[PDB]
Amino acid sequence: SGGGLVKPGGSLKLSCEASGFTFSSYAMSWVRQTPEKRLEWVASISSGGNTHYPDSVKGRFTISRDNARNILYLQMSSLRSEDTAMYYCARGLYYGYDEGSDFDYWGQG
Amino acid sequence: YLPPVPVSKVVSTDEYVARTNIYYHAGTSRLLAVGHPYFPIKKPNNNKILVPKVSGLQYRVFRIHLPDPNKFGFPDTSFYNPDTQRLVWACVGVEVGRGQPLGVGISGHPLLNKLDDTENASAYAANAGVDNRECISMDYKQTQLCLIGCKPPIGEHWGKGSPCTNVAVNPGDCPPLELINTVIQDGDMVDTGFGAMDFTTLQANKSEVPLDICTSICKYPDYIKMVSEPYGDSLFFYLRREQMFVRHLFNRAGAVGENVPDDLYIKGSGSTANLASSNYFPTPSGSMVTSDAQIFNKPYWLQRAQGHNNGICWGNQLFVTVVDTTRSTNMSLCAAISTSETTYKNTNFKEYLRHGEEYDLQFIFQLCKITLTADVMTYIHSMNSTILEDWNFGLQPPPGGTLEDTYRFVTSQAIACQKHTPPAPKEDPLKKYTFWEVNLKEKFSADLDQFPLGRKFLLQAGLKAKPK
Amino acid sequence: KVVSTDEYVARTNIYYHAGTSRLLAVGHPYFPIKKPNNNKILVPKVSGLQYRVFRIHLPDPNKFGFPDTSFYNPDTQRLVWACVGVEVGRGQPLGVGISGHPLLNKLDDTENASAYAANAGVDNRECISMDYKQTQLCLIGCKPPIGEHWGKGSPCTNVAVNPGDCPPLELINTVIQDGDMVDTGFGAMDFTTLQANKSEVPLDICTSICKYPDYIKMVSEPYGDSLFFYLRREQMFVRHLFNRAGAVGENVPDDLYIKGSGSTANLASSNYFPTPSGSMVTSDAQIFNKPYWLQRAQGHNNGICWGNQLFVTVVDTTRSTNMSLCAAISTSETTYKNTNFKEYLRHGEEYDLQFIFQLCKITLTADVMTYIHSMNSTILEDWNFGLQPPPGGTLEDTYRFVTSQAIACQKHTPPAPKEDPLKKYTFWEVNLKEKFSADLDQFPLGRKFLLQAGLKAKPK
Amino acid sequence: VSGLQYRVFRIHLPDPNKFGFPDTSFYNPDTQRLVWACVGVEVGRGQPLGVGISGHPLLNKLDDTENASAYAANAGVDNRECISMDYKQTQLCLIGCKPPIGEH
Amino acid sequence: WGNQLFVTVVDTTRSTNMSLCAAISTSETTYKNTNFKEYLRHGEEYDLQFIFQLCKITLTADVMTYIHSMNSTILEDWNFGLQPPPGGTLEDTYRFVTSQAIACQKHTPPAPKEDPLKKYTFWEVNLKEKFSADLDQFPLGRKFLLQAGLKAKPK
Amino acid sequence: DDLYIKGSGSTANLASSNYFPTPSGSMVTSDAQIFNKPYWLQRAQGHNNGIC
Amino acid sequence: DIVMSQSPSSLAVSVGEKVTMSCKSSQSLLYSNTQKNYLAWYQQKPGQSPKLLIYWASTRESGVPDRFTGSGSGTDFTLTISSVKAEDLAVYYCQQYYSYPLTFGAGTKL
């Protein structure tokens, strides 16, 4: 939601907004686009706001969850141009018996 | 019936292992190496080396293969059945031959990041110029060590870590540091006393140190972690000696990026208005060599080792690591582009640097057998299963289960060559890791008498007479 | 450490037999029939040259319980057929087909020329047919037949390949099926793949890959169960000698020779191909249709057979004759004209099988429960002592769906009748199941054995 | 490469006297030695059987000698022709510790 | 003798030569002698399986003599560097001068050890690794058994 | 067609596909004669033994 | 990690052809206490967004026709489709969520 021209090395400030729904109901994440069709993954944080970080961005991608604005946010700085990508938002949900995961929606990207 | 009742603790390998009556020896003739100390020589446009970089300052790895004992000849094998049992080598004693005349080399750099001599200063120095770097050389700390185990030597070093991201790194800012373990590789560099780390990443000047270590990562072994192995199979033994002393007192020349708060001092004026570089570095120095300190040219006797592994070498496989500074002398020769003129001309000579290397190995081994039960199989399988694979498992069921086997179309094929271009599958899982190689597998002897070292083995234990 | 079957094996005293009806078979020599616009086949091309492969479908013995069941526990063991014996019906009087191609690359003879040839018209293709390697074979065993045959090799990237270059080279080693290509020995491979020309060969042999056994690797099975048996026989040699005519792949170094000029200036065919001669036939050459036997074989398998299931293959040249028809679309006119006659062909084909068998019984140990499980577990799949106690008690009914509010709509699950894995492989199939019965008194043949047995024949 | 090329197979064995047994006590390795012996041998050959052939584009030839209606023509220069033939059919096998000796 | 064995065999029967054609232009639909080059390759298929027996030799003079007469090079590869028991040959033995590549290579000197027939080239195979101690596992061998019978075995 | 390639000229048209062999009898011998020699029956594949 | 696995790249299914694709995790997919396979998927077409395929292989999304129904448990799986169709033409990503991070298939472009 809003992503665009950024020259690497600075800080990167982006948003993912809800559209006509309760924001605090389910899980949320950030995503990126690596053109090989080999996709790379960006960021996540819990409902309780625990940082979901891989071997990579732990403490790196600096996230701010906002339920009120119904928007997901992320902070970066001293950017990695290896993070050049078309970034995507994503969301979570809960579907509770069979134990395998469908997905309802995600952001503007 | 069922898998067994059995835990992992560790055990003293002598629990299950049985010691045999027989010993063998083999050894290489000798090993030579030659190369340039400071950097490898390649064809300038090419990436292929014309000349390798060689110095005592580089680590040396040695992989030694043994043949499968269960294929191997004895005067008396009666004592076992391959049905129920393995055989595995055991290394009782080890030698390192070293023949070179002992003497010191040296290294340096033609542009050395340097300010001045702070050891004694009669007056306030000048102000930072542009490019004051200088041509200076030094001696590294003297060192000896030896390393033995069936698992590769694990070194460690400093390194630049991923900074935890809150503040954006501005160019100029101290990267955080990370202590990092890694596999020790051949050609890797001894520390100089400047610390086991990567200069390349952490130092952008590239003029901070002499050549040899500049681009590389000096590493140092961590006895802790190594000894912290449960099976102790990294090494079951070693020895170490080293020394160094201070020589000179210098500074780094560059901008200050951590400035000194005044409170530590008082503000000066004139020449004292400006703080000189608080960077200092000592000049490392080795001392006089002695024949006595030599850890070499003497037999060793291992019976009880700190690791529960006792001289057991798994996978027909044994390692040695060697580091020596005493033979480090680099010889310098000159060749004259004109043999005619009778007046000395600098311009006439092409100066050259080469360095000699001498290695040898003489190895004693005991043979050992393994009785097999589940618990047996279990524990090992638990420890490492791969060994069982090179092994036939003595059996997979009780009669020899087979996999719809391998019979091949290959050995010499038709020159299409995806019928091989790709030879051996599986792996040496370390195949990525490069290091020196030798094969002894043809070199064994059933008689020690013939050999210089062997009789000592007798001698030390007595010969009694030599039977069996 | 494979062992003989009969290590553990436990025999019966007991035997049954079946034999087919026979074989009703026919069809066209050259190519199969279909609607011209369509791909839907009217009628099969059928040939001997189509590899001759047939496979076995039989009841679980354990299905039948016995007038005396007593002698064993069905549970503490299993109960497993062995093949005692075998026979093929093969009934046709023996016959000659023969072929070639209406267009052919040829320059000409080698042997006989008074002078060097003339210039080459382009597309000089000609119509000639040939005979073949004279051959029968039979193939006997339980694991799939697999033919090994040439291939084009993998050009690696070193040499940049130029238009028209030599395909690199291969042997391909691959499953046999029925109705596949005999060689005359023109190479075990597909020119259709591996020859541009498409004018080079008999049409039929244009089609597909010549295939030939690999004993060696079938020899090389861990258990030798592809076959435990076969026989192999043939005769042939060359009839004539003929040059191809085509653009040059490569040429001969001169140093190897001298130079002509004028007429003699110019290159004599390096394209050199023989014309084979397949031979006479005889009755005595017949290997067929005779009591056929084993006990010991090269393999641990002795009659060791699974899925109640076995593969059978044989091949014969001998009968290769077809016969055609002269179709007069008008009979009316009494005066002759070539006009009125279309021609059609098929190749009629015939066989039968009668085979003797045993059962054997198998108790259970890990070895049992493993060695084959080891060897292959697929049979204890077919058995029930593969275990597998599972979890998983409970669920929820929820009903009903039709209410038109939506709970997720449902199950897809015939899913896996699929059992033959190799099922996509397509070839002849013979189900035998209920043809079994007791006494060869009734069964035309293996009482042959019963006399080979002898044993007293029992009273009335 | 062609079939008509002779084949020569050299086969190395490892020294027995480096290589031991499940039970070796039955001998003294010192006072004696060990040597392999060859009891039996096999040759596998897998190809579908068939005859090849060779020829030459130029060959010294006059004409048919079998039947001639009239006397032959005058000999020109280079009447050589392209003709081919089949070689004599043959099979052989050779085994020993010393190389096969040829003659010509 | 000398861990060495020869086999030589020739067959005419498989002489078949397959011939294939490659098209330099795949487009044109009119047949032309132009478009097709021709190549000729020939297949070759061998295998070897060899039984072996194991034997020992007592030593006396007559022994040693008799052999030394036949071919004395044989003794070399054994012990008996010298006619009788002692052992072997007492000038210095082993040396290697390289590792990595600058200096005049280890092979700048000739190879001292020889099969003197090294002049004579021909096809080669190494078996050294392949031995097995149990016939049962092989197609051929069990016949050897069968020829001599001698069956029984574990479970 | 796909089983071949178009001709032209002389090859404009396709000759008849048909072929049939000409059977040829072989050398006859006195041996293979099966006659003028006695026969002796005891057991036959059928259950009849020489019953007419 | 497990970067999910679909390779080599070129295969295709013409008029009336069931599809062949195989995505395989590099960790064992028979798991202890939970015992329900976790597998994720996607479809990237021209004209709209790249989108999930399948979840738990026996439970399908609405707005997802049943045409995709897979089989197997554990590392590798087997798909079966009575009739494969056009929009089945697509890039099929694959994934598992139990142990995060989220990593992706070598992909099915079939």
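Only the coordinates and a few stated rules stand behind these numbers; no lab work does. Methodologically, a virtual Cβ is constructed for each residue, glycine included, from the backbone with ideal geometry; neighbour enumeration extends over all protein chains shown.
Listing B:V246, C:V86, C:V122 from the residue with the fewest other Cβ atoms within 10 Å to the one with the most, what is the order?
So the residues, fewest neighbours to most, are B:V246, C:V122, C:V86.
Taking the Cα centre of the protein assembly as shown as origin, sum charge times position over the Cβ atoms of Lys and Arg (+1) and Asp and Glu (-1), and report the length of that vector in debye to the nearest 20.
On the way: 137 positive and 141 negative charges, 298 e Å.
Dipole of the protein assembly as shown, to the nearest 20 debye: 1420 debye.
Give the calculated FRET efficiency between E:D47 and B:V289 to the nearest 0.05, with a Förster radius of 45 Å applied to their Cβ-Cβ distance.
0.10
So for C:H347, B:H381, fewest C-beta neighbours within 10 Å to most, what's the order? Before the final figure, lay out the partial values.
Details: C:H347 25, B:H381 14.
By the 10 Å Cβ count, ascending, the order reads B:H381, C:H347.
Just counting partner chain Cβ atoms within 10 Å, what average do the residues of peptide E:124-133 show around their Cβ?
Rounded to a whole number, the mean comes out at 4.
How much net charge surrounds B:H308 when only other residues with a Cβ under 13 Å from its Cβ are counted (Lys, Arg +1; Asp, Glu -1)?
-2
Between region E:71-121 and region D:64-79, what is the C-alpha centre distance in whole Å?
Taking the Cα centre of each part, region E:71-121 and region D:64-79 sit 66 Å apart.
Work out the charge dipole of the protein assembly as shown with +1 on the Cβ of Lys and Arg and -1 on the Cβ of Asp and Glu about the Cα centre, then indicate which of D:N79, B:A196, B:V256 is farthest towards its positive end.
D:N79
Which of C:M369, A:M76 has the fewest other C-beta atoms within 10 Å, and how do the rest follow up to the most?
C:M369, A:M76
Using packing as a proxy for protection, rank C:210-217, B:191-198, B:329-336 so that the peptide with the highest average count of other Cβ atoms within 10 Å comes first.
Details: C:210-217: 19.8, B:191-198: 18.2, B:329-336: 11.9.
Ranked from most to least packed, the peptides come out as C:210-217, B:191-198, B:329-336.
Give me the dipole magnitude in Debye, nearest 20, for region C:165-285 about the Cα centre, with unit charges on the beta carbon: positive for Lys and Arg, negative for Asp and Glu. Walk me through the intermediate numbers first.
Numbers: 8 positive and 16 negative charges, 85 e Å.
Dipole magnitude for region C:165-285 comes out near 400 debye.
Could you work out how far helix B:374-383 tilts from the main Cα principal axis of chain B, as a 0 to 90 degree angle to the nearest 10?
Helix B:374-383 sits at roughly 20 degrees to that axis.
Under the 0.36 nm per residue contour assumption, what length would be gained going from the current alpha-carbon distance of B:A125 and B:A204 to full extension?
So the extension gain works out to 25.9 nm.
Which of B:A446, D:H12, C:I172 sits farthest toward the positive end of the charge dipole of the protein assembly as shown, with +1 on the Cβ of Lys and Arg and -1 on the Cβ of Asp and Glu?
The one lying farthest along the dipole's positive direction is C:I172.
With +1 on each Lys and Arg Cβ and -1 on each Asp and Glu Cβ, how big is the dipole of chain G about its Cα centre, in debye rounded to the nearest 20?
80
Please compute, for peptide C:411-419, the average count of beta-carbon atoms on other protein chains lying within 10 Å of each residue's beta-carbon.
Taking all residues of C:411-419 together, the mean is 3.
How about B:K141: which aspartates and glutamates have a C-alpha closer than 13 Å to its C-alpha, ignoring those fewer than 8 places off in the same chain?
Within the straight-line cut-off, B:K141 pairs with B:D191, B:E242, B:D324.
So the label point goes 7 Å from the Cα of B:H381 along Cα→C-beta, right? Which residues of region B:206-237 then have their backbone N under 11 Å from it?
Label zone hits: none.
Taking a spot 7 Å from the Cα of D:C38 along the direction of its beta carbon, which residues of region E:50-87 have an amide N less than 15 Å from it?
Residues E:50-54 fall inside that zone.
For the pairs B:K468/D:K18; C:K211/G:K18; C:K424/G:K18; A:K37/G:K109, note any where the Cα-Cα span goes beyond 19 Å.
Exceeds cut-off: C:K211/G:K18.
Using a ≥ b ≥ c from the Cα gyration tensor of chain E (square roots of the eigenvalues), is it rounded, prolate or oblate, where a/c under 1.5 gives rounded and otherwise the larger of a/b and b/c decides, a/b for prolate?
Numbers: a/c = 2.80, a/b = 1.50, b/c = 1.86.
Cα axes put chain E in the oblate bin.
Pop the C-beta distance of C:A408 and B:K9 into the FRET formula with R0 = 45 Å and round what comes out to the nearest 0.05.
On the way: r = 52 Å, r/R0 = 1.16.
Efficiency, from the Cβ-Cβ distance: 0.30.
Specify the angular offset, from 0 to 90 degrees and rounded to the nearest 10, of the alpha carbon long axis of helix B:452-461 from the longest principal axis of the alpha carbons in chain B.
70
Quick one: if you stick a label point 7 Å off each Cα along the C-beta vector at B:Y352 and E:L82, how many nm between them?
4.4
At what distance in angstrom do the alpha carbon centres of region B:201-222 and region C:340-389 lie from each other?
After rounding, the separation between the Cα centres reads 69 Å.
Roughly what would the spin-label model give for B:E178 and E:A61, points 7 Å off Cα along C-beta, in nm?
8.0
B:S269 label point, 7 Å along Cα→Cβ, cut-off 19 Å on backbone N: hits in region B:104-148?
Only B:124 pass the distance filter.
Give the relative contact order (percent, whole number) for chain B; include only Cα pairs under 8 Å separated by 6+ residues.
Relative contact order, chain B: 33 percent.
Within 10 Å, Cβ to Cβ, of F:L3, how many net charges do the neighbouring residues add up to if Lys/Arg are +1 and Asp/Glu are -1?
So the surrounding residues net to -2.
Nearest 0.05, what FRET efficiency do E:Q100 and C:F436 give at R0 = 45 Å with Cβ-Cβ as r?
0.05
Excluding residues fewer than 8 places away in the same chain, name every one of the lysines whose C-alpha is closer than 19 Å to that of E:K153.
Straight-distance partners of E:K153: C:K1, E:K143.
Any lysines with Cα under 20 Å of the C:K435 Cα? List them, leaving off those in the same chain fewer than 8 positions away.
Within reach: C:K63, C:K448.
So what's the net charge close to C:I146: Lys and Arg +1, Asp and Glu -1, counting the other residues with Cβ under 11 Å from its Cβ?
Summing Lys and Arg as +1 and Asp and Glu as -1 gives 0.
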